[PDB]
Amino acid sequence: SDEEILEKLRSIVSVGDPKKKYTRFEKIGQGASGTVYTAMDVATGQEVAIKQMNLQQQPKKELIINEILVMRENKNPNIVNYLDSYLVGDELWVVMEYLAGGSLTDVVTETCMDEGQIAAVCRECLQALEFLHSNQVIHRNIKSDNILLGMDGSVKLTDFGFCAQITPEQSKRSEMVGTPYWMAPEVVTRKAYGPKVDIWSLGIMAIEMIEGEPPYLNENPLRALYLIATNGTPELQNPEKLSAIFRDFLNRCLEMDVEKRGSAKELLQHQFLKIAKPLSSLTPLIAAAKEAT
C-alpha cells in the first residue's frame, strides 16, 4: 500500500547512467533542498543544471512526482526547462536548463531597478502565469527566489513543488501552502482560492523590486502571516516615488477582491508594461548582483 507511491516515481524517471550522458560536473549550489551541479550534455555539448536531492530526507513523493509531471506537460519559454530525471542511489537527479544570471533575489536585494526594468520582469512572469493559468495550473510559490535570469537577461519561472492542478469541477483550492510573505490573503485565511493568488504573489514580488524585500520581512513568518490577514493590501513605504501607472498596476495585483484583482491575461495588456525596457537592460543588474557576493 505505502509507500508504493514510489512505483509511479520509478516509472517516471529516465533509465540509464547519468554519468554517461553528462560530464564536467561542478558544484554551483548547496541549499537544504538539495545541491545543484553544472554539467555538459555529452550529446549536444550543451550545459545543464542538475539538482540532486537526498530522497526520503525531504520528502514527499506525492509532491515531487507532481513537480516532475507538471513541468513535463507545461513547457514554455518563460518556464525553466525540465530535461531529464534519474534516480541513482536514493538520490533524485533532476536535470534542468542552466541559467547563469542567477536569481531575481540577487538583483532585488543588491541593486535598484527602474520602472522600465521592473516592467520587463513583470511582463515575462505574467507571460508564464497566463500559460500556466490557461493550462489550469496554479504555481502557489511565486517569489523572486523562483525567478531565474539568463546571461542575456532572460526571465524564467521555476520551482513547481507547490503547484496544484484545477478542474471545472474543482475550480478552487484550500491548502495553506506557499511562502508566508508572498501568500495571498485568501490563502492565509483558509478560503477557497483560484489562480489569482499567483497574481497577488507577483504584486509582492514587484514590491521586492521596489523596496528590496516583501512586506513584514523583519517579522517572523507567523507574525507576518497575521499581518497579512488583518491589513489586507500592503502599504508601500514611499508610494509617491512611483509613477501613477506603476501604482495602478500594483493596486490591481494586490486587490483584496479576488473578482476585482487582475488576471494574467488582463494584466498583460496593462499600460505599465508599455514602458518595458528590453531584457538586455537587465544584464547590468545581473553584473551588479554578481559583484558584492
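For every residue, the number given is its place in the sequence shown, counted from 1.
- The deposited model assigns a higher average Cα B-factor to 39-47 than to the other stretch when 238-246 and 39-47 are compared.
- According to the PDB record, 85-93 carries the higher mean C-alpha B-factor of the two stretches 135-143 and 85-93.
- Each of 123, 156, 196, 172 has a CA temperature factor in the record; the biggest one is found at 172.
- For residue 176, the recorded CA B-factor ranks within the middle third of the chain. Only modelled residues enter the ranking.
- Residue 212: CA B factor in the lowest third of modelled residues in this chain (values from the PDB entry).
- The entry lists a Cα temperature factor for residue 15 that places it in the highest third of the chain's modelled residues.
- In this PDB entry, the Cα temperature factor of residue 221 sits in the middle third of its chain's modelled residues.
- Residue 264: CA B factor in the lowest third of modelled residues in this chain (values from the PDB entry).
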